[PDB]
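Here's final-v1.pdb, which has PDB, C-alpha atoms:
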```pdb
ATOM      1  CA  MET U   1      -1.583  -2.687  -6.842
ATOM      2  CA  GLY U   2      -1.172  -3.873  -3.218
ATOM      3  CA  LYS U   3       1.435  -5.294  -0.777
ATOM      4  CA  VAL U   4       2.949  -8.757   0.011
ATOM      5  CA  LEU U   5       4.962 -10.569   2.777
ATOM      6  CA  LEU U   6       7.738 -12.831   1.374
ATOM      7  CA  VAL U   7       7.956 -15.604   4.039
ATOM      8  CA  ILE U   8      11.241 -17.502   3.395
ATOM      9  CA  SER U   9      12.335 -20.691   5.179
ATOM     10  CA  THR U  10      14.374 -23.794   4.232
ATOM     11  CA  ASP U  11      12.146 -25.894   6.571
ATOM     12  CA  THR U  12       9.142 -26.867   4.344
ATOM     13  CA  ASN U  13       7.670 -28.741   7.373
ATOM     14  CA  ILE U  14       7.489 -25.343   9.224
ATOM     15  CA  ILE U  15       6.324 -23.440   6.078
ATOM     16  CA  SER U  16       3.449 -25.882   5.388
ATOM     17  CA  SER U  17       2.523 -25.968   9.142
ATOM     18  CA  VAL U  18       2.188 -22.155   9.510
ATOM     19  CA  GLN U  19       0.612 -22.003   6.015
ATOM     20  CA  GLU U  20      -2.154 -24.360   7.236
ATOM     21  CA  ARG U  21      -2.591 -22.312  10.462
ATOM     22  CA  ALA U  22      -2.757 -19.061   8.422
ATOM     23  CA  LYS U  23      -5.309 -20.338   5.823
ATOM     24  CA  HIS U  24      -7.542 -22.090   8.441
ATOM     25  CA  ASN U  25      -7.407 -19.205  11.025
ATOM     26  CA  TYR U  26      -7.765 -16.581   8.215
ATOM     27  CA  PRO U  27     -10.055 -18.359   5.582
ATOM     28  CA  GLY U  28     -11.185 -15.030   4.026
ATOM     29  CA  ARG U  29      -7.602 -14.104   3.022
ATOM     30  CA  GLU U  30      -5.762 -14.627  -0.277
ATOM     31  CA  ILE U  31      -2.549 -16.407   0.864
ATOM     32  CA  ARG U  32       0.131 -17.681  -1.608
ATOM     33  CA  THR U  33       2.794 -20.425  -1.710
ATOM     34  CA  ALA U  34       5.683 -20.299  -4.260
ATOM     35  CA  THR U  35       8.019 -23.117  -5.384
ATOM     36  CA  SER U  36       9.869 -21.089  -8.092
ATOM     37  CA  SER U  37       9.837 -17.900 -10.283
ATOM     38  CA  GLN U  38       6.747 -19.196 -12.225
ATOM     39  CA  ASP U  39       4.611 -18.868  -9.054
ATOM     40  CA  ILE U  40       6.482 -15.666  -7.992
ATOM     41  CA  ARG U  41       5.422 -13.854 -11.239
ATOM     42  CA  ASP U  42       1.840 -15.335 -11.089
ATOM     43  CA  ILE U  43       1.600 -13.791  -7.537
ATOM     44  CA  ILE U  44       2.839 -10.258  -8.479
ATOM     45  CA  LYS U  45       0.385 -10.503 -11.469
ATOM     46  CA  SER U  46      -2.406 -11.421  -8.932
ATOM     47  CA  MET U  47      -1.527  -8.045  -7.262
ATOM     48  CA  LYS U  48      -1.856  -6.294 -10.693
ATOM     49  CA  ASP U  49      -5.458  -7.671 -11.193
ATOM     50  CA  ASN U  50      -6.654  -5.586  -8.179
ATOM     51  CA  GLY U  51      -4.151  -5.849  -5.300
ATOM     52  CA  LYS U  52      -4.673  -7.679  -1.979
ATOM     53  CA  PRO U  53      -2.540  -8.352   1.221
ATOM     54  CA  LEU U  54      -0.731 -11.545   0.011
ATOM     55  CA  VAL U  55       1.524 -13.734   2.220
ATOM     56  CA  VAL U  56       3.950 -15.776   0.004
ATOM     57  CA  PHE U  57       5.236 -18.900   1.767
ATOM     58  CA  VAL U  58       8.183 -20.004  -0.460
ATOM     59  CA  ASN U  59       8.594 -23.822   0.019
ATOM     60  CA  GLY U  60      12.422 -23.688   0.190
ATOM     61  CA  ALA U  61      12.677 -21.626  -3.047
ATOM     62  CA  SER U  62      16.225 -20.919  -4.349
ATOM     63  CA  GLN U  63      17.907 -17.501  -3.723
ATOM     64  CA  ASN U  64      17.511 -17.119  -7.535
ATOM     65  CA  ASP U  65      13.657 -17.144  -7.123
ATOM     66  CA  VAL U  66      14.019 -14.689  -4.167
ATOM     67  CA  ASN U  67      16.031 -12.337  -6.458
ATOM     68  CA  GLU U  68      13.351 -12.767  -9.193
ATOM     69  CA  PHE U  69      10.649 -11.777  -6.615
ATOM     70  CA  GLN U  70      12.517  -8.611  -5.603
ATOM     71  CA  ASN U  71      13.344  -7.611  -9.249
ATOM     72  CA  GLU U  72       9.838  -8.327 -10.713
ATOM     73  CA  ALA U  73       8.183  -6.356  -7.848
ATOM     74  CA  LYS U  74      10.486  -3.225  -7.706
ATOM     75  CA  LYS U  75      10.630  -2.738 -11.549
ATOM     76  CA  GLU U  76       6.780  -2.497 -11.525
ATOM     77  CA  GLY U  77       6.739  -0.399  -8.294
ATOM     78  CA  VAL U  78       4.947  -3.169  -6.312
ATOM     79  CA  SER U  79       5.359  -2.699  -2.518
ATOM     80  CA  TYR U  80       6.851  -5.804  -0.840
ATOM     81  CA  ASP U  81       8.370  -6.933   2.468
ATOM     82  CA  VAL U  82      10.932  -9.791   2.824
ATOM     83  CA  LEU U  83      11.229 -12.171   5.834
ATOM     84  CA  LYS U  84      13.818 -14.978   6.473
ATOM     85  CA  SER U  85      12.789 -17.103   9.529
ATOM     86  CA  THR U  86      12.302 -20.889  10.134
ATOM     87  CA  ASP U  87      10.586 -20.303  13.542
ATOM     88  CA  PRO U  88       6.858 -21.486  13.378
ATOM     89  CA  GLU U  89       5.740 -18.934  16.053
ATOM     90  CA  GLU U  90       7.534 -16.079  14.159
ATOM     91  CA  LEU U  91       5.915 -16.831  10.765
ATOM     92  CA  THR U  92       2.413 -17.350  12.371
ATOM     93  CA  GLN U  93       2.373 -13.916  14.095
ATOM     94  CA  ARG U  94       4.015 -12.254  10.997
ATOM     95  CA  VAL U  95       0.902 -13.251   8.920
ATOM     96  CA  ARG U  96      -1.597 -11.428  11.252
ATOM     97  CA  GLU U  97       0.765  -8.424  11.811
ATOM     98  CA  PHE U  98       1.121  -8.075   8.021
ATOM     99  CA  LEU U  99      -2.673  -8.343   7.360
ATOM    100  CA  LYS U 100      -3.369  -5.741  10.098
ATOM    101  CA  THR U 101      -0.850  -3.136   8.703
ATOM    102  CA  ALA U 102      -1.919  -3.918   5.090
ATOM    103  CA  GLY U 103      -5.618  -3.701   6.066
ATOM    104  CA  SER U 104      -5.838  -0.697   8.439
ATOM    105  CA  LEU U 105      -2.919   0.855  10.444
ATOM    106  CA  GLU U 106      -1.301   4.358  10.469
ATOM    107  CA  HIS U 107       2.243   3.432   9.276
ATOM    108  CA  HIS U 108       2.166   2.473   5.578
ATOM    109  CA  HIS U 109       4.405  -0.620   5.815
ATOM    110  CA  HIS U 110       6.899  -0.303   2.911
ATOM    111  CA  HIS U 111      10.156  -2.266   3.397
ATOM    112  CA  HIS U 112      11.232  -1.690  -0.246
TER     113      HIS U 112
END
```
Translate this file's structure into structure tokens.
Amino acid sequence: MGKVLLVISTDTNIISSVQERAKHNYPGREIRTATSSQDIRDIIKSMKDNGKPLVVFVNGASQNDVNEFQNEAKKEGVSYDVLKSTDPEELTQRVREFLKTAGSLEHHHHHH
């Protein structure tokens, strides 16, 4: 059991860019990248194995896969946050803000 940031964008050029920046600036972090519901479920299962601060960059995944993410998480009780932004600066700072509140802050971040 843990917590995850669902980074959603239609701009895969922005997603991949920030995803690089996030993995190379934070190399000791488990970061994820989903195409469809296959990956989505593999990710929530990765949280079942122990549970780490995951950041799921969905490479322009359908609203169907977004719905699958929400459903598969909440039915199990998995804590998740959802983000819809195509701004590179937004997504970059959302990674570190997420890791900081998921690692050690006072407010237990729990969007749903």
Mind listing whatever residues come within 7 Å of the point (3.1, -17.1, -0.2)? Use only C-alpha atoms, file coordinates, and give them as an NGL selection string.
-> :U and (6-7 or 31-34 or 54-58)
Mind running segment 14-56 of chain U against segment 91-105 of chain U at 12 Å and telling me each contacting residue's nearest atom pair with the distance in Å (one decimal), counting all atoms listed in the file, chain and number ascending, as CSV?
```
residue,atom,partner,partner_atom,distance
U:14,CA,U:91,CA,8.8
U:15,CA,U:91,CA,8.1
U:16,CA,U:91,CA,10.8
U:17,CA,U:92,CA,9.2
U:18,CA,U:92,CA,5.6
U:19,CA,U:92,CA,8.1
U:20,CA,U:92,CA,9.8
U:21,CA,U:92,CA,7.3
U:22,CA,U:92,CA,6.7
U:23,CA,U:95,CA,9.9
U:24,CA,U:92,CA,11.7
U:25,CA,U:96,CA,9.7
U:26,CA,U:96,CA,8.6
U:28,CA,U:99,CA,11.3
U:29,CA,U:99,CA,8.7
U:30,CA,U:99,CA,10.4
U:31,CA,U:95,CA,9.3
U:32,CA,U:95,CA,11.4
U:51,CA,U:102,CA,10.8
U:52,CA,U:102,CA,8.5
U:53,CA,U:102,CA,5.9
U:54,CA,U:99,CA,8.2
U:55,CA,U:95,CA,6.7
U:56,CA,U:95,CA,9.8
```
Best match for closeness to residue 46 of chain U among U:86, U:78, U:11, U:107, counting only C-alpha atoms = U:78
Non-local contacts of residue 37 of chain U (9 Å; all atoms listed in the file; under 6 positions in same chain excluded) as a ChimeraX atom specification = /U:61,64-66,68-69
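Interatomic distance, atom CA of residue 41 of chain U against atom CA of residue 10 of chain U: 20.5 Å.
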Out of U:49, U:110, U:5, U:12, which residue has the shortest atom-to-atom distance to residue 77 of chain U when counting all atoms listed in the file?
->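 Of all the options, U:110 lies closest to residue 77 of chain U.
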Pick from U:83, U:106, U:35, U:4: nearest to residue 60 of chain U, with all atoms listed in the file counted?
-> U:35
Please, what distance in Å, to one decimal, runs between atom CA of residue 44 of chain U and atom CA of residue 112 of chain U?
-> 14.5 Å
Mind pulling up the distance from atom CA of residue 79 of chain U to atom CA of residue 3 of chain U?
-> 5.0 Å
When distances are computed from all atoms listed in the file, which of U:38, U:8, U:75, U:45 shows the smallest separation from residue 87 of chain U?
-> U:8
N, CA and C atoms for segment 78-106 of chain U, written as a PDB file, keeping the file's coordinate frame, could you do that?
```pdb
ATOM      1  N   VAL U  78       5.691  -2.368  -7.300  1.00  0.00           N
ATOM      2  CA  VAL U  78       4.947  -3.169  -6.312  1.00  0.00           C
ATOM      3  C   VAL U  78       5.653  -3.131  -4.943  1.00  0.00           C
ATOM      4  N   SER U  79       4.884  -2.764  -3.903  1.00  0.00           N
ATOM      5  CA  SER U  79       5.359  -2.699  -2.518  1.00  0.00           C
ATOM      6  C   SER U  79       5.433  -4.112  -1.936  1.00  0.00           C
ATOM      7  N   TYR U  80       6.602  -4.470  -1.395  1.00  0.00           N
ATOM      8  CA  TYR U  80       6.851  -5.804  -0.840  1.00  0.00           C
ATOM      9  C   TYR U  80       7.720  -5.715   0.416  1.00  0.00           C
ATOM     10  N   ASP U  81       7.541  -6.707   1.283  1.00  0.00           N
ATOM     11  CA  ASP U  81       8.370  -6.933   2.468  1.00  0.00           C
ATOM     12  C   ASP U  81       8.989  -8.327   2.343  1.00  0.00           C
ATOM     13  N   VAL U  82      10.210  -8.507   2.877  1.00  0.00           N
ATOM     14  CA  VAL U  82      10.932  -9.791   2.824  1.00  0.00           C
ATOM     15  C   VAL U  82      11.251 -10.244   4.261  1.00  0.00           C
ATOM     16  N   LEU U  83      11.052 -11.539   4.517  1.00  0.00           N
ATOM     17  CA  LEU U  83      11.229 -12.171   5.834  1.00  0.00           C
ATOM     18  C   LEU U  83      11.994 -13.494   5.647  1.00  0.00           C
ATOM     19  N   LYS U  84      13.066 -13.700   6.430  1.00  0.00           N
ATOM     20  CA  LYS U  84      13.818 -14.978   6.473  1.00  0.00           C
ATOM     21  C   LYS U  84      13.813 -15.496   7.920  1.00  0.00           C
ATOM     22  N   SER U  85      12.945 -16.486   8.195  1.00  0.00           N
ATOM     23  CA  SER U  85      12.789 -17.103   9.529  1.00  0.00           C
ATOM     24  C   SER U  85      12.234 -18.528   9.364  1.00  0.00           C
ATOM     25  N   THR U  86      12.765 -19.482  10.146  1.00  0.00           N
ATOM     26  CA  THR U  86      12.302 -20.889  10.134  1.00  0.00           C
ATOM     27  C   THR U  86      11.550 -21.222  11.436  1.00  0.00           C
ATOM     28  N   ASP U  87      11.295 -20.184  12.257  1.00  0.00           N
ATOM     29  CA  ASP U  87      10.586 -20.303  13.542  1.00  0.00           C
ATOM     30  C   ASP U  87       9.070 -20.297  13.279  1.00  0.00           C
ATOM     31  N   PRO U  88       8.318 -21.403  13.620  1.00  0.00           N
ATOM     32  CA  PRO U  88       6.858 -21.486  13.378  1.00  0.00           C
ATOM     33  C   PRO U  88       6.078 -20.334  14.036  1.00  0.00           C
ATOM     34  N   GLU U  89       6.424 -20.003  15.300  1.00  0.00           N
ATOM     35  CA  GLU U  89       5.740 -18.934  16.053  1.00  0.00           C
ATOM     36  C   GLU U  89       5.943 -17.559  15.370  1.00  0.00           C
ATOM     37  N   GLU U  90       7.170 -17.332  14.832  1.00  0.00           N
ATOM     38  CA  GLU U  90       7.534 -16.079  14.159  1.00  0.00           C
ATOM     39  C   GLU U  90       6.627 -15.883  12.950  1.00  0.00           C
ATOM     40  N   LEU U  91       6.640 -16.881  12.046  1.00  0.00           N
ATOM     41  CA  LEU U  91       5.915 -16.831  10.765  1.00  0.00           C
ATOM     42  C   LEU U  91       4.388 -16.674  10.983  1.00  0.00           C
ATOM     43  N   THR U  92       3.851 -17.375  12.013  1.00  0.00           N
ATOM     44  CA  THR U  92       2.413 -17.350  12.371  1.00  0.00           C
ATOM     45  C   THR U  92       1.953 -15.929  12.752  1.00  0.00           C
ATOM     46  N   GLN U  93       2.725 -15.262  13.631  1.00  0.00           N
ATOM     47  CA  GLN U  93       2.373 -13.916  14.095  1.00  0.00           C
ATOM     48  C   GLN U  93       2.710 -12.856  13.021  1.00  0.00           C
ATOM     49  N   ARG U  94       3.661 -13.163  12.110  1.00  0.00           N
ATOM     50  CA  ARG U  94       4.015 -12.254  10.997  1.00  0.00           C
ATOM     51  C   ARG U  94       2.873 -12.156   9.969  1.00  0.00           C
ATOM     52  N   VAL U  95       2.088 -13.251   9.802  1.00  0.00           N
ATOM     53  CA  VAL U  95       0.902 -13.251   8.920  1.00  0.00           C
ATOM     54  C   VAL U  95      -0.116 -12.196   9.404  1.00  0.00           C
ATOM     55  N   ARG U  96      -0.560 -12.318  10.675  1.00  0.00           N
ATOM     56  CA  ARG U  96      -1.597 -11.428  11.252  1.00  0.00           C
ATOM     57  C   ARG U  96      -1.122  -9.968  11.355  1.00  0.00           C
ATOM     58  N   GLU U  97       0.168  -9.765  11.713  1.00  0.00           N
ATOM     59  CA  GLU U  97       0.765  -8.424  11.811  1.00  0.00           C
ATOM     60  C   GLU U  97       0.779  -7.740  10.441  1.00  0.00           C
ATOM     61  N   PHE U  98       1.109  -8.537   9.405  1.00  0.00           N
ATOM     62  CA  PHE U  98       1.121  -8.075   8.021  1.00  0.00           C
ATOM     63  C   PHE U  98      -0.293  -7.668   7.573  1.00  0.00           C
ATOM     64  N   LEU U  99      -1.281  -8.556   7.806  1.00  0.00           N
ATOM     65  CA  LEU U  99      -2.673  -8.343   7.360  1.00  0.00           C
ATOM     66  C   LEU U  99      -3.278  -7.102   8.036  1.00  0.00           C
ATOM     67  N   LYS U 100      -2.892  -6.877   9.298  1.00  0.00           N
ATOM     68  CA  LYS U 100      -3.369  -5.741  10.098  1.00  0.00           C
ATOM     69  C   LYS U 100      -2.805  -4.405   9.561  1.00  0.00           C
ATOM     70  N   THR U 101      -1.494  -4.370   9.222  1.00  0.00           N
ATOM     71  CA  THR U 101      -0.850  -3.136   8.703  1.00  0.00           C
ATOM     72  C   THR U 101      -1.205  -2.889   7.224  1.00  0.00           C
ATOM     73  N   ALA U 102      -1.508  -3.974   6.498  1.00  0.00           N
ATOM     74  CA  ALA U 102      -1.919  -3.918   5.090  1.00  0.00           C
ATOM     75  C   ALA U 102      -3.420  -3.605   4.960  1.00  0.00           C
ATOM     76  N   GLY U 103      -4.181  -3.929   6.021  1.00  0.00           N
ATOM     77  CA  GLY U 103      -5.618  -3.701   6.066  1.00  0.00           C
ATOM     78  C   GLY U 103      -5.955  -2.304   6.554  1.00  0.00           C
ATOM     79  N   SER U 104      -5.549  -1.993   7.803  1.00  0.00           N
ATOM     80  CA  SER U 104      -5.838  -0.697   8.439  1.00  0.00           C
ATOM     81  C   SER U 104      -4.921  -0.433   9.659  1.00  0.00           C
ATOM     82  N   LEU U 105      -3.773   0.222   9.404  1.00  0.00           N
ATOM     83  CA  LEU U 105      -2.919   0.855  10.444  1.00  0.00           C
ATOM     84  C   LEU U 105      -2.414   2.216   9.916  1.00  0.00           C
ATOM     85  N   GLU U 106      -1.736   2.985  10.787  1.00  0.00           N
ATOM     86  CA  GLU U 106      -1.301   4.358  10.469  1.00  0.00           C
ATOM     87  C   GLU U 106      -0.024   4.361   9.617  1.00  0.00           C
TER      88      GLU U 106
END
```
